[PDB]
Amino acid sequence: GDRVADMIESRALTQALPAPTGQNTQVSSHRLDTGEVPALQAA
Amino acid sequence: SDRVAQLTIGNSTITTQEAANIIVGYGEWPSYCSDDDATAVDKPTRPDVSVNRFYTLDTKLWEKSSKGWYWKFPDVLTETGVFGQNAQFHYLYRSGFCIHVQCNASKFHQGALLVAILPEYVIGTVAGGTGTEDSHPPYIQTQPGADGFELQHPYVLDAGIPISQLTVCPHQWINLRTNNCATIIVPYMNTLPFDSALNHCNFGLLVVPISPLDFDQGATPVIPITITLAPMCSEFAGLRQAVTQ
Ligand SMILES: *[C@@H]1O[C@H](CO)[C@@H](O[C@@H]2O[C@H](CO)[C@@H](O[C@@H]3O[C@H](CO[C@H]4O[C@H](CO[C@H]5O[C@H](CO)[C@@H](O)[C@H](O)[C@@H]5O[C@H]5O[C@H](CO)[C@@H](O)[C@H](O)[C@@H]5O)[C@@H](O)[C@H](O[C@H]5O[C@H](CO)[C@@H](O)[C@H](O)[C@@H]5O[C@H]5O[C@H](CO)[C@@H](O)[C@H](O)[C@@H]5O)[C@@H]4O)[C@@H](O)[C@H](O[C@H]4O[C@H](CO)[C@@H](O)[C@H](O)[C@@H]4O[C@H]4O[C@H](CO)[C@@H](O)[C@H](O)[C@@H]4O[C@H]4O[C@H](CO)[C@@H](O)[C@H](O)[C@@H]4O)[C@@H]3O)[C@H](O)[C@H]2NC(C)=O)[C@H](O)[C@H]1NC(C)=O
């Protein structure tokens, strides 16, 4: 019993994945690449 | 078809035309570490030619009253060549070995040797003689290097184990009426898949004359024993600066 639109319009970010063992280490090679840097983080 | 052989690996080959046969230690060849077994997460180096060579190390003269010798592997090759340079830079290490010991003599000399392997050949002492003082062996009896070391009491192999049942471990005989060399191919035996090359010595090469040398006077009295070994399927990991010991 209202005509207002204010009242009629009036949650986790993380998913628990199953992890029985520690994760594997896939094969990497060298990389000589600008633009993207995986070391420099922002603490 | 068995007396004559040729072992080429790396850039070095050895020919033999009075061999016995090649025995493969515990029935399997040396191989690389699978990804089911490896725990180190850095990519190993595998030189594949420069370290898989027959390194001829030393020459022991065998007279009529010898006892026996032993060489701790791989500490015979941590002072030699590109194996000795990669094993001093890298912390981890694994390899097999193709071990070839030559001892030629005429068709009038006699005598037999028991060149045998045994893994984790730990060395005891004489315990102060009477057996009451806990004496530990020195570093040179423990790890003699490429110079080798002569057994004091070869009946008990300096470890309280008899040489009469050394023949369980991978071995073959050099009796001078039949053969002149003895190839023993040894895989990598250790619990953990890589280990340090400077601390842990995986096995020892016991070379003991059981039946003594004998020859009438007039023949050549100098009968040498030279051992040549080849690290097969060697790989290293964990690069840092050079340690020597
Ligand atoms: C002071 O004082 C002091 C005191 O005296 C002194 O001291 C001294 O010193 C000196 C110097 O050094 C001396 O002398 C010397 O000596 C030496 C030693 O001897 C000893 O030893 C031996 C050993 O043996 C061994 O081997 C054998 C074989 O060979 C065997 O058999 C045995 O068994 C043994 O084995 C062992 O060991 C080994 C090692 O390697 C091991 O491996 C194993 O395992 C085992 O264990 C011995 O033998 C001897 O013995 C003797 O004695 C006895 C008694 O008991 C008898 O029985 C015997 O027989 C003997 O005797 C003999 O011999 C000797 C020689 O040896 C003579 O001399 C006599 O006479 C008789 O004949 C002993 O114990 C030595 O070696 C030396 O020698 C050398 O030199 C000389 C001069 O100098 C001459 O003459 C000779 O000939 C020789 O030469 C040679 O060598 C060299 C080096 O090595 C070379 O290089 C050359 O080349 C030559 O070679 C040649 O020849 C030969 C023949 O011989 C032939 O074979 C080859 O092939 C070639 O050709 C010297 O003499 C001393 O000793 C000391 N002392 C004492 C007491 O000892 C000091 O000096 C002072 N100071 C000053 C300053 O002066």
# chains A, B, ... in the order shown; residues from 1 in each chain; ligands from 1

$ select_by_dssp --residues "range 48-148 of chain B" --states "helix (DSSP H, G or I)" --output "PDB file with N, CA and C atoms, in the first residue's frame"
ATOM      1  N   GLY B  81      87.321 -32.774 -12.048  1.00  0.00           N
ATOM      2  CA  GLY B  81      86.595 -32.507 -13.270  1.00  0.00           C
ATOM      3  C   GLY B  81      85.331 -31.701 -13.065  1.00  0.00           C
ATOM      4  N   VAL B  82      84.447 -31.788 -14.058  1.00  0.00           N
ATOM      5  CA  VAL B  82      83.207 -31.029 -14.001  1.00  0.00           C
ATOM      6  C   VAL B  82      82.221 -31.689 -13.042  1.00  0.00           C
ATOM      7  N   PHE B  83      82.434 -32.955 -12.683  1.00  0.00           N
ATOM      8  CA  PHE B  83      81.650 -33.524 -11.594  1.00  0.00           C
ATOM      9  C   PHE B  83      82.035 -32.889 -10.273  1.00  0.00           C
ATOM     10  N   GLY B  84      83.330 -32.692 -10.050  1.00  0.00           N
ATOM     11  CA  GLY B  84      83.772 -32.084  -8.812  1.00  0.00           C
ATOM     12  C   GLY B  84      83.473 -30.605  -8.728  1.00  0.00           C
ATOM     13  N   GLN B  85      83.170 -29.972  -9.854  1.00  0.00           N
ATOM     14  CA  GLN B  85      82.786 -28.570  -9.809  1.00  0.00           C
ATOM     15  C   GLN B  85      81.285 -28.417  -9.644  1.00  0.00           C
ATOM     16  N   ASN B  86      80.498 -29.295 -10.257  1.00  0.00           N
ATOM     17  CA  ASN B  86      79.058 -29.225 -10.068  1.00  0.00           C
ATOM     18  C   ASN B  86      78.633 -29.730  -8.703  1.00  0.00           C
ATOM     19  N   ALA B  87      79.354 -30.686  -8.125  1.00  0.00           N
ATOM     20  CA  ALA B  87      78.972 -31.183  -6.811  1.00  0.00           C
ATOM     21  C   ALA B  87      79.381 -30.244  -5.692  1.00  0.00           C
ATOM     22  N   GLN B  88      80.309 -29.332  -5.942  1.00  0.00           N
ATOM     23  CA  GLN B  88      80.673 -28.349  -4.938  1.00  0.00           C
ATOM     24  C   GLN B  88      79.825 -27.095  -5.006  1.00  0.00           C
ATOM     25  N   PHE B  89      79.283 -26.769  -6.170  1.00  0.00           N
ATOM     26  CA  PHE B  89      78.374 -25.640  -6.258  1.00  0.00           C
ATOM     27  C   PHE B  89      76.980 -26.005  -5.791  1.00  0.00           C
ATOM     28  N   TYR B 139      88.531 -38.355   9.822  1.00  0.00           N
ATOM     29  CA  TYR B 139      87.864 -37.965   8.588  1.00  0.00           C
ATOM     30  C   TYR B 139      88.500 -38.618   7.372  1.00  0.00           C
ATOM     31  N   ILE B 140      89.770 -39.000   7.457  1.00  0.00           N
ATOM     32  CA  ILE B 140      90.410 -39.566   6.280  1.00  0.00           C
ATOM     33  C   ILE B 140      90.103 -41.054   6.152  1.00  0.00           C
ATOM     34  N   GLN B 141      89.886 -41.755   7.265  1.00  0.00           N
ATOM     35  CA  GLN B 141      89.425 -43.136   7.189  1.00  0.00           C
ATOM     36  C   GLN B 141      87.972 -43.188   6.762  1.00  0.00           C
ATOM     37  N   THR B 142      87.205 -42.178   7.160  1.00  0.00           N
ATOM     38  CA  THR B 142      85.805 -42.074   6.777  1.00  0.00           C
ATOM     39  C   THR B 142      85.647 -41.811   5.290  1.00  0.00           C
ATOM     40  N   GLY B 145      88.682 -40.160  -0.272  1.00  0.00           N
ATOM     41  CA  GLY B 145      88.767 -39.431  -1.519  1.00  0.00           C
ATOM     42  C   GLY B 145      89.255 -40.316  -2.650  1.00  0.00           C
ATOM     43  N   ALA B 146      89.907 -39.688  -3.622  1.00  0.00           N
ATOM     44  CA  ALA B 146      90.436 -40.413  -4.768  1.00  0.00           C
ATOM     45  C   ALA B 146      91.701 -41.182  -4.446  1.00  0.00           C
ATOM     46  N   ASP B 147      92.256 -41.005  -3.254  1.00  0.00           N
ATOM     47  CA  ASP B 147      93.463 -41.720  -2.883  1.00  0.00           C
ATOM     48  C   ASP B 147      93.150 -43.130  -2.407  1.00  0.00           C
TER      49      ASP B 147
END

$ closest_atom_pairs --of "chain B" --to "ligand 1" --cutoff "9 Å" --atoms "only C-alpha atoms and all ligand atoms" --output "CSV"
residue,atom,partner,partner_atom_place_in_ligand_line,distance
B:61,CA,ligand 1,42 (O),8.1
B:62,CA,ligand 1,42 (O),7.7
B:63,CA,ligand 1,42 (O),6.9
B:64,CA,ligand 1,31 (O),7.4
B:65,CA,ligand 1,44 (O),5.1
B:66,CA,ligand 1,44 (O),4.2
B:67,CA,ligand 1,44 (O),6.0
B:68,CA,ligand 1,44 (O),8.6
B:150,CA,ligand 1,44 (O),8.6
B:221,CA,ligand 1,109 (O),7.5
B:222,CA,ligand 1,109 (O),8.5

$ write_last_selection --atoms "C-alpha atoms" --output "PDB file, in the first residue's frame"
ATOM      1  CA  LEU B  61      99.926 -51.793  -6.489  1.00  0.00           C
ATOM      2  CA  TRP B  62      98.915 -55.305  -5.468  1.00  0.00           C
ATOM      3  CA  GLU B  63     101.680 -57.412  -3.954  1.00  0.00           C
ATOM      4  CA  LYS B  64     101.497 -60.819  -2.309  1.00  0.00           C
ATOM      5  CA  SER B  65     100.701 -59.503   1.188  1.00  0.00           C
ATOM      6  CA  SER B  66      98.003 -56.916   0.541  1.00  0.00           C
ATOM      7  CA  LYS B  67      94.881 -56.549   2.646  1.00  0.00           C
ATOM      8  CA  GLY B  68      92.307 -54.667   0.587  1.00  0.00           C
ATOM      9  CA  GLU B 150      93.697 -49.653   2.889  1.00  0.00           C
ATOM     10  CA  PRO B 221     106.262 -58.134  -9.867  1.00  0.00           C
ATOM     11  CA  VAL B 222     104.202 -54.956 -10.326  1.00  0.00           C
TER      12      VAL B 222
END

$ select_by_dssp --residues "range 51-214 of chain B" --states "strand (DSSP E)" --output "count of residues only"
62

$ atom_distance --atom1 "CA of residue 58 in chain B" --atom2 "CA of residue 227 in chain B"
6.7 Å

$ interface_residues --of "chain A" --to "chain B" --cutoff "10 Å" --atoms "only C-alpha atoms" --output "PyMOL selection string"
chain A and resi 24-29

$ write_last_selection --atoms "N, CA and C atoms" --output "compact mmCIF listing (two decimals), in the first residue's frame"
# COMPACT_ATOMS: atom_id res chain seq x y z
N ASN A 24 50.55 -28.76 -6.18
CA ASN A 24 51.69 -29.18 -6.97
C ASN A 24 52.42 -27.96 -7.51
N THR A 25 53.61 -28.19 -8.03
CA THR A 25 54.42 -27.12 -8.61
C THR A 25 54.59 -27.43 -10.09
N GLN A 26 53.91 -26.68 -10.94
CA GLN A 26 54.01 -26.94 -12.36
C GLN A 26 55.33 -26.42 -12.90
N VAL A 27 55.70 -26.91 -14.09
CA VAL A 27 56.98 -26.53 -14.69
C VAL A 27 56.91 -25.10 -15.17
N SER A 28 57.87 -24.29 -14.76
CA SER A 28 58.03 -22.96 -15.30
C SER A 28 59.36 -22.87 -16.03
N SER A 29 59.49 -21.83 -16.84
CA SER A 29 60.74 -21.55 -17.53
C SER A 29 61.16 -20.13 -17.20

$ atom_distance --atom1 "CA of residue 119 in chain B" --atom2 "CA of residue 154 in chain B"
17.1 Å

$ residues_around --residues "residue 26 in chain B" --least-positions-apart "2" --cutoff "9 Å" --atoms "only C-alpha atoms" --output "NGL selection string"
:B and (23-24 or 28-29 or 169-170 or 186-187)

$ atom_distance --atom1 "CA of residue 167 in chain B" --atom2 "CA of residue 199 in chain B"
26.9 Å

$ residues_around --residues "residue 51 in chain B" --least-positions-apart "2" --cutoff "7 Å" --atoms "only C-alpha atoms" --output "VMD selection string"
chain B and resid 47 to 49 53 82 to 83 231
